[PDB]
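Trainee:
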Amino acid sequence: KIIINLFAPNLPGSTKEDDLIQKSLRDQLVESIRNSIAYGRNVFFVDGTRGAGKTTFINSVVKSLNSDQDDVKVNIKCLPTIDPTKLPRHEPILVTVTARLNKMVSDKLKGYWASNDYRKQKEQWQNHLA
Amino acid sequence: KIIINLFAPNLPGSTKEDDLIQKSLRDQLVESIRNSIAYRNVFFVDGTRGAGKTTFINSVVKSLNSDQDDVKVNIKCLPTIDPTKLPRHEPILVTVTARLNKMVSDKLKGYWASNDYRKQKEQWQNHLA
Ligand SMILES: Nc1ncnc2c1ncn2[C@@H]1O[C@H](COP(=O)(O)OP(=O)(O)OP(=O)(O)O)[C@@H](O)[C@H]1O
Ligand SMILES: Nc1ncnc2c1ncn2[C@@H]1O[C@H](COP(=O)(O)OP(=O)(O)OP(=O)(O)O)[C@@H](O)[C@H]1O
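Chains A and B, in that order, give the protein sequences. Following my numbering, the numbering of the first sequence begins with 3 at its first residue and continues without gaps. Following my numbering, the numbering of the second sequence begins with 128 at its first residue and continues without gaps.
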């Protein structure tokens, strides 16, 4: 049941469930990603011409994996989608990944309830960042 | 009854219970200290040189640093400051703060809740800074 509302904004940000043109792909891509972790580089590619809806499709995959965090036995954490065109011209991708990964780790550090657990893992994270 | 062993070292650090001489003053000073805060809270221990002031004042801190739970009033005592063994130009406020900071840092490292530890640590360092 895919119902496209033409008078809706119909933008990658505003696209939700039940009006995603690509839904069989989204369902099967998530399962393939999960199975590759349950069992080197593990890189998936989603191809398509310009305007095919890559940004709309890949955001749903991040949304699909983010939902039901603890419920799924295989746990995958998704960083926010990186857009190479909107990044600074000379800013490295490894810097972008770490900066987004650091915030995800940092917000988890602020979520602990044990002082020693938070204190010990904070310096380990800072040691690797250094 | 107090028994002094002349073959013992008989030093301020090597004086224990039943060997300390002025227990009557020590017992009534610790209680007097406790009632002073249960209600310029400065007490003075007078004595001529060689009367045993260091031995007496070490026991008062030793007595006040035990069985804190039973007594209604809780007093935390810094290690005794000897003004003659400090550096010549170091202010007393620096010496007191540097010893107050350690026990606080030992208390912060003793917490279990990570949120309480974080909030107090930045509050403490704000005063220190
Ligand atoms: N599932 C969908 N439901 C409704 N409209 C869609 C859907 N997928 C794509 N569209 C429409 O097609 C357009 C294609 O834009 P989209 O960003 O998804 O594609 P892209 O060209 O691969 O990405 P980018 O903007 O990053 O270049 C959207 O702006 C939207 O108007
Ligand atoms: N309670 C005590 N029991 C036994 N001997 C004591 C006692 N108090 C003092 N003395 C004896 O007197 C000596 C000097 O004591 P203490 O060091 O306390 O003297 P003070 O002059 O008050 O202080 P300071 O040593 O800092 O000048 C001890 O080393 C010991 O020989």
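Note that CB positions come from ideal geometry on N, CA and C, so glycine has one too.
Excluding the 5 residues flanking A/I39 on each side, which residues of the same chain have their C-beta closer than 7 Å to its C-beta?
Mentor: On the first sequence, residue 39 of chain A is found 37 positions in, with the first residue counted as 1. If we look at A/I39 and ignore the five residues flanking it on each side, its Cβ neighbours are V76 and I78.
Trainee: Tell me which same chain residues have a C-beta within less than 8 Å of the C-beta of A/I60, skipping the five on either side of it?
Mentor: Counting from one through the first sequence, the residue named residue 60 of chain A turns up at place 58. Once the five neighbours on either side are set aside, the close Cβ partners of A/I60 are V48 and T83.
Trainee: Is B/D146 near ligand 2, judged by its Cβ being under 8 Å from some heavy atom?
Mentor: Residue numbering aside, residue 146 of chain B sits at position 19 when the second sequence is read from its first letter. Yes; taking the cut-off as 8 Å, the Cβ of B/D146 has a heavy atom of ligand 2 nearer than that.
Trainee: Enumerate in chain order the residues of its own chain whose CB-to-CB distance from A/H92 is below 8 Å, with the five nearest sequence positions on each side excluded.
Mentor: Along the first sequence, one-based indexing puts residue 92 of chain A at 90. Once the five neighbours on either side are set aside, A/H92 has no close Cβ partner at all.
Trainee: When the cut-off is 9 Å and only beta carbons count, does B/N228 lie next to chain A?
Mentor: To locate residue 228 of chain B, count along the second sequence from 1; it is residue 101. It does not: the Cβ of B/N228 has no partner Cβ on chain A nearer than 9 Å.
Trainee: Along chain A, which residues have their Cβ under 8 Å away from the Cβ of B/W239?
Mentor: Walking along the second sequence from the start, residue 239 of chain B turns up at place 112. Here the neighbours are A116, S117 and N118.
Trainee: Roughly how many angstroms lie between the CA atoms of A/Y114 and B/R176, to the nearest whole one?
Mentor: In the first sequence, the residue the question calls residue 114 of chain A occupies position 112. In the second sequence, the residue the question calls residue 176 of chain B occupies position 49. Taking the straight line joining both Cα atoms gives about 56 Å.
Trainee: Using the beta-carbon count (16 or more within 10 Å), is A/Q24 buried or exposed?
Mentor: Residue mapping note: residue 24 of chain A aligns to position 22 of the first sequence, counting from 1. When all chains shown are included, A/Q24 counts as buried.
Trainee: I'd like to know if B/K246 contacts chain A, where contact means its C-beta is closer than 9 Å to some C-beta of that chain.
Mentor: Residue numbering aside, residue 246 of chain B sits at position 119 when the second sequence is read from its first letter. So, not an interface residue.
Trainee: Kindly indicate which residue of B/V157, B/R167 and B/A240 has the alpha-carbon position closest to the one of A/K112.
Mentor: By 1-based counting over the first sequence, the position of residue 112 of chain A is 110. Of the candidates B/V157, B/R167 and B/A240, the one whose C-alpha sits nearest the C-alpha of A/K112 is B/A240.
Trainee: Run through the DSSP bridge pairs and tell me what A/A54 is partnered with.
Mentor: Working through the first sequence from its first residue, we reach residue 54 of chain A at position 52. Note: A/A54 sits in no beta bridge, so no partner.
Trainee: When you compare the CB of A/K110 with every CB in chain B, is at least one pair closer than 9 Å?
Mentor: Along the first sequence, read from residue 1 onward, the residue named residue 110 of chain A stands at position 108. Not closer than 9 Å to any Cβ of chain B, the Cβ of A/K110 fails to qualify, so no.
Trainee: Nearer than 8 Å: is that true of the beta carbon of A/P82 relative to any heavy atom of ligand 1?
Mentor: Position 80 of the first sequence, counted from the start, is the residue given in the question as residue 82 of chain A. False, no ligand heavy atom lies under 8 Å from that Cβ.
Trainee: Which residues in the same chain as B/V157 place their Cβ atom closer than 8 Å to its Cβ, once the five residues preceding and following it in sequence are excluded?
Mentor: Walking along the second sequence from the start, residue 157 of chain B turns up at place 30. The answer, listed in chain order, is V187, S190 and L191.
Trainee: With A/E33 as the anchor, note down where its alpha helix (DSSP H) starts and where it stops.
Mentor: Your numbering for residue 33 of chain A matches position 31 in the first sequence. Segment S26 to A40, the alpha helix (DSSP H) holding A/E33.
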